[PDB]
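Heads up: the structure comes next, in structure tokens.
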Amino acid sequence: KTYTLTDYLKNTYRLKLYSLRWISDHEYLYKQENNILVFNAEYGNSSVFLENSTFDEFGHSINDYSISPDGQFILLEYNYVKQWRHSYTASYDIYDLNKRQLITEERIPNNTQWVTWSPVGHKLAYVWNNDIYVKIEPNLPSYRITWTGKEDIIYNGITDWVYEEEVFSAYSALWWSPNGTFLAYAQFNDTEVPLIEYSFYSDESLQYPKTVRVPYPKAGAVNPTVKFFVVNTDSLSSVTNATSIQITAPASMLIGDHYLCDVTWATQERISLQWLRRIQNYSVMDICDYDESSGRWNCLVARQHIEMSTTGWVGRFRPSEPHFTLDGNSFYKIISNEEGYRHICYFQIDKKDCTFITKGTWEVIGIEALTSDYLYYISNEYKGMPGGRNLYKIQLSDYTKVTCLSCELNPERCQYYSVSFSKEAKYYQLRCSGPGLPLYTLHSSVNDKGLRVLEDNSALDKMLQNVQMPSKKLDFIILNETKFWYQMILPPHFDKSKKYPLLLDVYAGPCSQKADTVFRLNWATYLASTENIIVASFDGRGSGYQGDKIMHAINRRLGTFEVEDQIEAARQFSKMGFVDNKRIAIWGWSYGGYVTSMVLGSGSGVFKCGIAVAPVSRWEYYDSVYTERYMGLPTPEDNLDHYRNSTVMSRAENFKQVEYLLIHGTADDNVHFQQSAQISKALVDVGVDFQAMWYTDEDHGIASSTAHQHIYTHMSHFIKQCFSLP
Amino acid sequence: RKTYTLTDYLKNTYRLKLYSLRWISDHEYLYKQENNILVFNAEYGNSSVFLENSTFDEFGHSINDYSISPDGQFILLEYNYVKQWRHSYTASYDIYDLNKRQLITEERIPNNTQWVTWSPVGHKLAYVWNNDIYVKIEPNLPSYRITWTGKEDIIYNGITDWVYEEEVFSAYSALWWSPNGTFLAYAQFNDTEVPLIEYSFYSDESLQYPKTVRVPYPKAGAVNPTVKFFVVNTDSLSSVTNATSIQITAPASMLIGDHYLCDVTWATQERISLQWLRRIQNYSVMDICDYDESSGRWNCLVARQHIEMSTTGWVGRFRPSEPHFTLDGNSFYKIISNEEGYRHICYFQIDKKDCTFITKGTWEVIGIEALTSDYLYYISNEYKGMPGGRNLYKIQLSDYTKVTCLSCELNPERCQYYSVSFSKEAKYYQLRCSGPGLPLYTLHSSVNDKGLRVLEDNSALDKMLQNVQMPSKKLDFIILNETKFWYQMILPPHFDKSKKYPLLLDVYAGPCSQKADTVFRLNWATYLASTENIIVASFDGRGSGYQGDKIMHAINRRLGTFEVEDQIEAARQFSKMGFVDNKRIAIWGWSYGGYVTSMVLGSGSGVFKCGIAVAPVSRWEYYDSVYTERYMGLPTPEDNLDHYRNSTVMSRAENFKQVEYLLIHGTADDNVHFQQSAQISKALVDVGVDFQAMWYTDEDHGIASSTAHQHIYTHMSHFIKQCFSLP
Amino acid sequence: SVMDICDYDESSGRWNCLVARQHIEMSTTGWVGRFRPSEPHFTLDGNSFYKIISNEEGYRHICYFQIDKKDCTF
Ligand SMILES: *[C@@H]1O[C@H](CO)[C@@H](O[C@@H]2O[C@H](CO)[C@@H](O[C@@H]3O[C@H](CO)[C@@H](O)[C@H](O)[C@H]3NC(C)=O)[C@H](O)[C@H]2NC(C)=O)[C@H](O)[C@H]1NC(C)=O
Ligand SMILES: *[C@@H]1O[C@H](CO)[C@@H](O[C@@H]2O[C@H](CO)[C@@H](O)[C@H](O)[C@H]2NC(C)=O)[C@H](O)[C@H]1NC(C)=O
Ligand SMILES: CCc1nc(CC(C)(C)C)c(CN)c(-c2ccc(C)cc2)c1CC(=O)O
Ligand SMILES: CCc1nc(CC(C)(C)C)c(CN)c(-c2ccc(C)cc2)c1CC(=O)O
Ligand SMILES: *[C@@H]1O[C@H](CO)[C@@H](O)[C@H](O)[C@H]1NC(C)=O
Ligand SMILES: *[C@@H]1O[C@H](CO)[C@@H](O)[C@H](O)[C@H]1NC(C)=O
Ligand SMILES: *[C@@H]1O[C@H](CO)[C@@H](O)[C@H](O)[C@H]1NC(C)=O
Ligand SMILES: *[C@@H]1O[C@H](CO)[C@@H](O)[C@H](O)[C@H]1NC(C)=O
Ligand SMILES: *[C@@H]1O[C@H](CO)[C@@H](O)[C@H](O)[C@H]1NC(C)=O
Ligand SMILES: *[C@@H]1O[C@H](CO)[C@@H](O)[C@H](O)[C@H]1NC(C)=O
Ligand SMILES: *[C@@H]1O[C@H](CO)[C@@H](O)[C@H](O)[C@H]1NC(C)=O
Ligand SMILES: *[C@@H]1O[C@H](CO)[C@@H](O)[C@H](O)[C@H]1NC(C)=O
């Protein structure tokens with residue numbers, strides 16, 4: 001038997017996880033059953049901590065919970081209503097975590113946007129109607145920090161649509177000081193930001209469709225503006241409104257449109273801020289000390305470090321974050337070296353030049369932990385594979401003596417790692433993501449030895465024994481003296497003397513990686529296991545984790561090299577002799593939707609057919625922060641010419657050679673239906689037949705249980721027919 | 001050799017020729033030739049060139065349409081045509097003088113003018129601009145502002161709001177001149193509490209943010225626009241003072257709740273008839289209103305009121321029918337359902353309560369086309385007992401039993417569908433013939449009744465078409481409970497009853513619909529029948545029109561029931577007929593038809609393999625109030641909510657697992673909103689049924705754009721071909 | 001009246017006057033200046049300037065301004 005569509009859609013063969021949240025440097029929590037238990041590692045044992053049926057009589061079903069770092073209060077989250085990718089709305093209730101009695105008075109209000117404990121003690125910070133509130137005790141009246149909060153126009157301590165999606169990847173824009181004395185926050189001003197407007201059809205009982213109006217800056221439009229503040233949570237009278245000390249952006253930033261792109265505390269009294277110019281090739285970091293006598297914040301002009309880029313933009317998606325030594329007089333941050341590669345720099349607060357603590361033809365992925373002895377980080381060095389993740393440990397006292405940690409713990413099963421550290425890194429967890437079944441293991445960083453297996457996924461392993469699973473290749477091809485990596489999802493009982501159809505699974509967007517060592521049970525698994533379709537993905541120009549030379553390649557030049565490199569990919573695959581040339585398809589979601597569209601638009605005649613889900617159609621339609629990073633401004637004096645040369649509409653005439661499926665959710669707040677509306681219109685006008693599917697009230701995820709089920713069924717029907725599959 | 005292909009249909013290969021004339025006097029009409037516009041003498045035809053097409057080019061715009069003043073002195077010129085809804089649009093206007101030689105330059109008609117009309121004699125103008133009414137006594141003089149209240153999307157003076165345009169007046173105009181252009185009567189519509197349908201218009205790829213279009217549109221049960229009525233006196237317009245308009249208020253029984261103004265007809269120089277309709281559309285009232293000098297006001301005497309009601313259904317076919325006053329205005333004729341339920345001509349006296357019927361029978365009068373003093377002229381489907389035929393009749397007024405069929409016999413093989421254009425006092429008439437053969441336009445005298453000349457016999461079209469293998473049309477009936485129900489079939493050429501043909505059921509099936517008729521058409525079906533060998537059939541079952549009230553009011557308060565079942569029963573009778581492949585029977589429709597199709601596909605009947613729904617209604621709460629409520633009453637617990645509730649297509653989603661479905665809809669459909677199809681797709685996704693969708697960006701209800709018209713038919717053609725396993 | 005202080009940004013090529021370097025001069029008893037606001041005399045480094053302004057007794061005296069501080073000293 002094979003891994004069917006219903007198997008993927010009903011999640012029969014489930015990957016097991018080990019999610020743990022460290023309350024301390026010793027103990028973590030795990031939902032094992034329905035209820036929460038406290039685990040250790042010092043003698044190794046564990047005990048039952050609390051039940052989801054200690055709050056059975058609560059009345060509601062809790063969406064999430066939160067522990068107050070001191071361990072005295074639990075914060076229960078229910079009435080969850082989703083907004084965008086991260087933003088949402090909930091009701092919150094607090095318990096005296098000891099007595100497990102509900103805190104009855106001064107309750108946190110319904111319709112709260114964000115809530116967060118101080119890193120120590122049990123202070124609260126919440127956002128409600130775009131305003132910031134603070135609760136020193138979970139049973140005392142809140143202290144109202146901001147008063148400017150206005151729906152859709154002024155966000156205090158939460159992000160607007162674009163800062164949520166592209167800049168912070170979070171709703172909240174609040175940052176407590178290490179020891180909970182100071183609360184920093186951003187305030188976003190959407191006043192002149194244009195609204196995207198779209199209909200929401202709602203339940204069928206809704207007679208007249210609603211119009212949703214999100215302030216959303218499309219490429220070139222009036223962006224939001226941002227101010228930054230710090231407030232002292234201790235000294236906080238009720239007799240007088242709380243005064244909030246502003247920190248303005250540096251001069252070189254105030255001179256034109258800009259973004260606040262990083263917030264990192266250093267000590268109780270030191271905060272660091274990274275600002276980005278709207279043209280995202282220049283970025284500045286301010287370090288700001290508190291003044292005990294002023295009550296104010298001073299960022300020294302000489303202390304300003306600058307992150308520049310003349311080959312492309314800055315960062316991978318945003319400038320990298322700093323990690324501060326305990327004294328706060330020094331920090332490490334991942335940056336690009338003189339020849340492309342992204343490595344860790346040791347900055348001395350009181351000067352300009354870092355020195356690189358790493359070098360070579362491989363990028364560092366992220367800094368995971370810092371002690372005053374070593375520095376822990378993830379990279380793709382092992383076996384010079386960019387699609388692999390391994391955990392490394394570098395000695396601060398000697399930068400040349402770098403010991404690996406994960407790489408060889410299990411080489412065959414495990415080439416892709418992530419790590420969750422304890423509260424001071426006395427222990428750490430390893431998520432192995434593949435290419436074998438995910439493996440979760442608890443280690444001690446004391447003597448770097450392994451403690452125990454947390455999840456070896458043998459349960460899933462056992463019921464995958466009588467399934468004919470797809471296999472997976474992961475290898476490079478050389479193009480113009482460059483290693484370009486691809487992956488293949490090969491059908492079981494693969495026979496390279498046979499000719500298999502192929503689906504090119506494309507994302508291809510800036511700094512992407514579709515060819516990795518990650519193990520996945522997805523739609524491609526069904527396609528190979530059942531339909532005997534090879535599913536392949538190729539990391540061409542503009543993909544990530546290979547240096548600035550490959551990644552910046554598409555700078556100001558989207559819809560070119562990454563599009564062209566996807567076609568060349570197929571040519572290479574087919575010319576490996578196991579591919580039916582006559583049956584090659586292409587598909588992608590979001591950016592990949594755009595690339596698929598572009599390829600089917602290119603007229604190369606490699607591709608028989610293709611699917612594009614929520615594609616971009618022309619870059620002016622997508623949002624400023626993302627689009628402008630790689631494209632610039634759509635003005636005649638910048639890149640308006642190329643914005644025009646990259647629209648899918650302009651290639652409508654070419655879709656006559658291909659069978660095409662275009663799918664889009666009508667309530668897609670991210671990639672707007674508009675984009676697909678313009679593709680279809682463009683196609684109609686040249687007289688090309690294609691398939692279409694809108695999804696009423698689905699967003700960019702098309703993630704409703706029933707919609708998800710439907711879109712994959714539909715696409716399966718499409719691909720099979722295109723492929724003459726019975 | 002060859003057949004009627006898709007490109008044929010789509011590229012308009014075999015054109016159909018019309019003869020679009022405009023009467024101007026009693027003996028003369030206008031036609032266009034080399035683009036040159038000529039006047040013809042009906043008696044002789046010694047036709048001279050009226051206005052050669054070289055006069056308007058250096059003038060430098062696009063002459064979309066034109067209009068002569070009735071006295072013949074001035075030509076109105078329409079340009080910058082920008083469409084609103086079905087009828088409503090906006091344009092710039094220049095006036096051209098024949099006598100003074102050149103065009104007018106001073107006090108010019110505004111850009112963005114909503115509507116323009118001449119007085120019925122002379123050369124007065126009345127126009128609406130920015131929802132307000134203006135009058136030009138002389139094309140060159142300043143205009144007198146009649147109304148100061150008009151506010152965009154809210155107060156509509158002399159033009160209709162969305163619903164009144166589509167549903168009541170089938171016009172953008174709410175202006176009616178008195179016969180000799182002395183009085184200007186108008187309606188004012190208020191949409192203050194009318195909710196707005198809102199939808200994205202996407203425009204050119206150059207528009208960065210989609211525009212939200214917003215339109216006052218009462219859905220079933222929603223707050224309706226209100227209506228007031230006025231008459232102004234144009235001869236007594238003062239420059240020094242604001243012109244006063246006299247309000248005629250609706251009768252007591254109408255103000256007692258929501259209502260509509262449905263009809264406006266001037267009777268005489270100083271007499272107007274107004275028909276009002278209750279919101280529950282089974283009770284309507286006609287007011288005859290006379291001017292009174294010594295008061296200045298208008299009086300509609302209670303004793304001259306005329307109630308027109310229905311207990312089986314609604315009043316009228318779609319609206320109460322219009323009066324036809326005798327020259328002296330003391331009497332009128334109108335089509336009303338009789339005691340048998342058949343629509344016939346009733347003769348009414350202003351100063352009396354009962355009418356007397358002057359036609360009767362098991363058939364219906366379609367329209368009163370002319371009324372002289374010797375003859376009533378009317379179109380009916382009496383001939384041969386074919387409800388799908390239309391012929392011309394004259395009633396000898398002096399003895400209404402003496403009736404003559406003017407068109408029946410002229411050419412009974414070629415011609416059984418007719419319409420008529422009468423000259424101003426009916427001295428002459430154009431007869432248009434629309435089927436079953438090729439269209440035929442003929443010009444006639446009323447005195448002798450002799451045919452004068454063939455204006456257009458489509459021989460040009462006949463020439464090419466005898467090389468093409470064309471489908472026949474069979475028009476017949478089947479008997480269901482000793483009731484005849486008619487169908488038509490577009491039969492592939494060389495049709496063989498030994499063979500089993502795939503069948504496509506072409507469905508409208510709205511109230512008072514008629515899909516089975518004698519009209520000749522060149523459509524998508526002509527292609528399916530000729531090229532693909534699909535039998536396409538249509539069937540007029542219960543709810544359908546021109547066959548009496550018993551059949552038409554059968555769906556009263558019960559939409560999405562009998563008209564749906566009768567479509568299913570049709571196909572059954574069509575299989576049972578012996579020349580139909582059971583395994584290949586599809587169904588498709590547009591508007592109401594799209595609703596029926598969807599309702600049939602979800603039926604569980606299992607008769608139908610696959611179906612196509614274009615811009616369907618999904619549930620009746622989504623459609624406009626005056627159409628829907630005519631048939632459904634209000635969606636309330638007190639009226640007809642349960643049935644609104646049972647008659648949605650969404651509640652049948654589960655059953656779509658049984659058919660192959662294609663659901664198509666334009667996004668800028670202001671009529672049946674894209675909403676309706678959004679809710680269908682969503683209901684289908686929710687029960688895990690696979691269907692096919694196609695949205696059309698910025699298209700409206702007609703999906704009428706050149707390229708979008710071609711696209712949708714090509715798309716449908718592929719769906720049908722696959723469903724029927726055609727290569 | 002408002003004194004803007006504008007710097008040439010090298011990478012830009014453009015000129016920029018930061019709002020925090022804006023200096024306001026106004027009068028409640030009449031017009032600002034003798035016939036126009038007074039001209040600034042900058043110290044060599046550009047960071048400071050002297051200016052004749054009316055003092056709180058309506059007497060025109062030399063005030064010492066810092067580019068960043070709103071308030072001067074006479
Ligand atoms: C978010 O940004 C908005 C600008 O996009 C800010 O709104 C501006 O603030 C000004 C002061 O409140 C407005 O009015 C000015 O008021 C002064 C008072 O003395 C008058 O002299 C000015 O003539 C007057 N300006 C005008 C043109 O009326 C601005 O008009 C106003 N701009 C807007 C709303 O578009 C918001 O205050 C800001 N919010 C926060 C808290 O940062
Ligand atoms: C259009 O209709 C509205 C009612 O929907 C009328 O507005 C009312 O005006 C009267 C004044 O006599 C007020 O008492 C009401 O409060 C108003 N209603 C609302 C909610 O606006 C208005 O009179 C109508 N306009 C015209 C031209 O007749
Ligand atoms: C991890 C998924 C993701 N995350 C992000 C946000 C970060 C880049 C910060 C991570 C973005 C940027 N909006 C996208 C994205 C969306 C649309 C397009 C045209 C391009 C990129 C995606 C892809 C997706 O939503 O499917
Ligand atoms: C002849 C065209 C037409 N004219 C009219 C207007 C009158 C009935 C007054 C004549 C209407 C009524 N809105 C419709 C119609 C539209 C939608 C629906 C659900 C039902 C009926 C159509 C059908 C169409 O638009 O194709
Ligand atoms: C929130 O929900 C409802 C208000 O409709 C009410 O029963 C309850 O008191 C509210 N609770 C809080 C925490 O304010
Ligand atoms: C705080 O500020 C707001 C408006 O700025 C004001 O209305 C309110 O009274 C103030 N509250 C206190 C306690 O001063
Ligand atoms: C209408 O439009 C044209 C072109 O903009 C212009 O010549 C004319 O003066 C405008 N207005 C009037 C009053 O017709
Ligand atoms: C007529 O009425 C309008 C609006 O009521 C008023 O403003 C105006 O004074 C009058 N028009 C003239 C010019 O007499
Ligand atoms: C038009 O009709 C009105 C009202 O009957 C009357 O005053 C006038 O005589 C008529 N004018 C002409 C020219 O017929
Ligand atoms: C008989 O009456 C009608 C005739 O119009 C027919 O369509 C229907 O099937 C029958 N009715 C019932 C309920 O038997
Ligand atoms: C960033 O990009 C621009 C546009 O290509 C380029 O001219 C320059 O290198 C950078 N601009 C600035 C102001 O730093
Ligand atoms: C400037 O003058 C105006 C008008 O005389 C007056 O309202 C105001 O007092 C003055 N403003 C200032 C800033 O003194």
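So you can find residues: chains in the structure tokens are A, B, ... in the order shown, residues in each start at 1, and ligands are numbered from 1 in order.
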
Can you tell me, as an NGL selection string, which residues in range 3-99 of chain B count as strand (DSSP E or B) by DSSP? :B and (3 or 22-23 or 28-32 or 37-41 or 48-51 or 65-68 or 74-83 or 89-97)

Please check which protein, DNA or RNA residues sit within 10 Å of ligand 5, counting only C-alpha atoms and all ligand atoms, and write them as an NGL selection string. :A and (79 or 91-93 or 104-112)

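The protein and nucleic acid residues lying at most 10 Å from residue 661 in chain B are residues 586, 587, 588, 597, 598, 601, 602, 609, 610, 611, 612, 613, 656, 657, 658, 664, 689, 690, 691, 692, 693, 719 and 723 of chain B, with only C-alpha atoms considered and sequence neighbours fewer than 3 positions away removed.
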
Neighbour list for residue 318 in chain A as a PyMOL selection string, cut-off 9 Å, only C-alpha atoms, skip fewer than 6 positions in-chain: chain A and resi 166-167+261-262+276+280

Quick one: which residues from chain A are at most 8 Å off chain C, using only C-alpha atoms, as a ChimeraX atom specification? /A:251-252,254-255

If the cut-off is 7 Å, can you tell me the residues of chain A near chain B, counting only C-alpha atoms? I'd like them as a ChimeraX atom specification. /A:196-199,201,204,207-209,211,620-621,674,677-678,681,684-685,687,689,692-693,696,706-707,710,714

With N, CA and C atoms retained, write the just-selected residues as a compact mmCIF listing (two decimals), in the first residue's frame.
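Final output, saved to selection_27.txt:
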# COMPACT_ATOMS: atom_id res chain seq x y z
N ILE A 196 -6.16 48.50 1.33
CA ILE A 196 -6.65 47.50 0.39
C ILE A 196 -8.09 47.21 0.80
N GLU A 197 -8.97 47.09 -0.18
CA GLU A 197 -10.38 46.84 0.11
C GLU A 197 -10.79 45.57 -0.59
N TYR A 198 -11.42 44.67 0.15
CA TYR A 198 -11.96 43.46 -0.45
C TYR A 198 -13.21 43.03 0.29
N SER A 199 -14.05 42.28 -0.41
CA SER A 199 -15.32 41.84 0.11
C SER A 199 -15.08 40.63 0.98
N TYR A 201 -17.53 37.62 2.33
CA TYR A 201 -18.87 37.12 2.07
C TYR A 201 -19.53 36.58 3.33
N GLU A 204 -23.50 32.40 4.97
CA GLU A 204 -24.57 32.68 4.01
C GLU A 204 -25.75 33.51 4.59
N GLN A 207 -26.47 38.90 4.52
CA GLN A 207 -27.17 39.30 3.30
C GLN A 207 -26.35 40.17 2.35
N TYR A 208 -25.66 41.15 2.93
CA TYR A 208 -24.79 42.05 2.18
C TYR A 208 -23.33 41.81 2.59
N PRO A 209 -22.46 41.43 1.62
CA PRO A 209 -21.04 41.16 1.92
C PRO A 209 -20.38 42.33 2.63
N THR A 211 -17.09 44.69 3.54
CA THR A 211 -15.88 45.12 2.87
C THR A 211 -14.81 45.24 3.95
N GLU A 620 4.24 45.92 -8.18
CA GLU A 620 3.56 47.09 -7.63
C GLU A 620 2.37 46.72 -6.75
N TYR A 621 1.79 45.54 -6.97
CA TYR A 621 0.63 45.13 -6.18
C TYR A 621 1.01 44.62 -4.80
N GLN A 674 -6.85 40.56 -6.29
CA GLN A 674 -6.50 41.50 -7.36
C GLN A 674 -5.42 40.98 -8.28
N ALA A 677 -6.83 38.37 -10.22
CA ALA A 677 -7.86 39.00 -11.04
C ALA A 677 -7.26 39.64 -12.28
N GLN A 678 -6.05 40.19 -12.14
CA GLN A 678 -5.37 40.83 -13.26
C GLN A 678 -4.72 39.82 -14.18
N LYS A 681 -7.83 38.33 -16.26
CA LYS A 681 -8.26 39.34 -17.21
C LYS A 681 -7.29 39.45 -18.39
N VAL A 684 -7.79 36.32 -20.60
CA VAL A 684 -9.05 36.40 -21.32
C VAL A 684 -8.87 37.23 -22.60
N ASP A 685 -8.16 38.35 -22.46
CA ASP A 685 -8.03 39.35 -23.51
C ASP A 685 -7.18 38.90 -24.69
N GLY A 687 -7.28 35.67 -25.44
CA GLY A 687 -8.02 34.46 -25.82
C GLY A 687 -7.26 33.18 -25.54
N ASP A 689 -7.41 29.81 -23.03
CA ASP A 689 -8.18 29.06 -22.06
C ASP A 689 -7.31 28.55 -20.92
N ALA A 692 -9.57 27.91 -13.53
CA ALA A 692 -9.52 28.83 -12.37
C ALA A 692 -10.19 28.24 -11.14
N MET A 693 -9.81 28.73 -9.97
CA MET A 693 -10.52 28.40 -8.74
C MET A 693 -10.32 29.53 -7.73
N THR A 696 -13.76 31.34 -1.67
CA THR A 696 -14.49 32.32 -0.90
C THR A 696 -13.95 32.38 0.53
N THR A 706 -11.63 22.37 5.37
CA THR A 706 -12.31 22.01 4.12
C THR A 706 -11.65 22.62 2.88
N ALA A 707 -11.13 23.84 2.97
CA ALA A 707 -10.48 24.47 1.80
C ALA A 707 -9.15 23.82 1.45
N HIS A 710 -9.90 20.72 -0.22
CA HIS A 710 -10.43 20.96 -1.54
C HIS A 710 -9.35 21.35 -2.55
N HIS A 714 -8.32 19.24 -5.88
CA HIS A 714 -8.48 19.89 -7.16
C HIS A 714 -7.19 19.83 -7.96

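Those protein and nucleic acid residues that have any atom within 7 Å of ligand 9 are, using only C-alpha atoms and all ligand atoms, residues 180, 181, 182, 269 and 270 of chain B.
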
Fewer than 3 positions away in the same chain doesn't count, so skip those; otherwise give me all residues within 10 Å of residue 60 in chain C, counting only C-alpha atoms, as a ChimeraX atom specification. /C:33-34,51-57,63,74

If you count only C-alpha atoms and all ligand atoms, which residues end up within 7 Å of ligand 6, as a VMD selection string? chain A and resid 147 238 to 241

C-alpha atoms of the current selection, written as a PDB file, in the first residue's frame:
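File written: result_17.pdb
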ATOM      1  CA  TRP A 147      -3.601  57.211  25.017  1.00  0.00           C
ATOM      2  CA  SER A 238      -2.003  56.701  39.446  1.00  0.00           C
ATOM      3  CA  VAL A 239      -2.301  60.398  40.348  1.00  0.00           C
ATOM      4  CA  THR A 240      -0.579  61.476  37.079  1.00  0.00           C
ATOM      5  CA  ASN A 241      -0.423  59.888  33.595  1.00  0.00           C
TER       6      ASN A 241
END

Which residues, written as a PyMOL selection string, have at least one atom at most 12 Å from residue 250 in chain B, with only C-alpha atoms counted and residues fewer than 2 positions away on the same chain left out? chain B and resi 187+226-230+247-248+252-262+273-278+284-289+299-302+305

Collect all residues with atoms no farther than 7 Å from ligand 4, counting only C-alpha atoms and all ligand atoms, and output them as number ranges by chain. B: 166-168, 170, 318, 510, 590-592, 617, 623, 627, 671-672, 701-702

Could you give me, as a PyMOL selection string, the residues within 9 Å of residue 62 in chain B, counting only C-alpha atoms and dropping anything in the same chain fewer than 4 positions from it? chain B and resi 57+78-81

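With only C-alpha atoms and all ligand atoms as the atoms that count, the set of residues no farther than 6 Å from ligand 1 is residues 148, 189, 191 and 192 of chain A.
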
Please report the interatomic distance between CA of residue 502 in chain A and CA of residue 464 in chain A in Å with one decimal. 24.2 Å
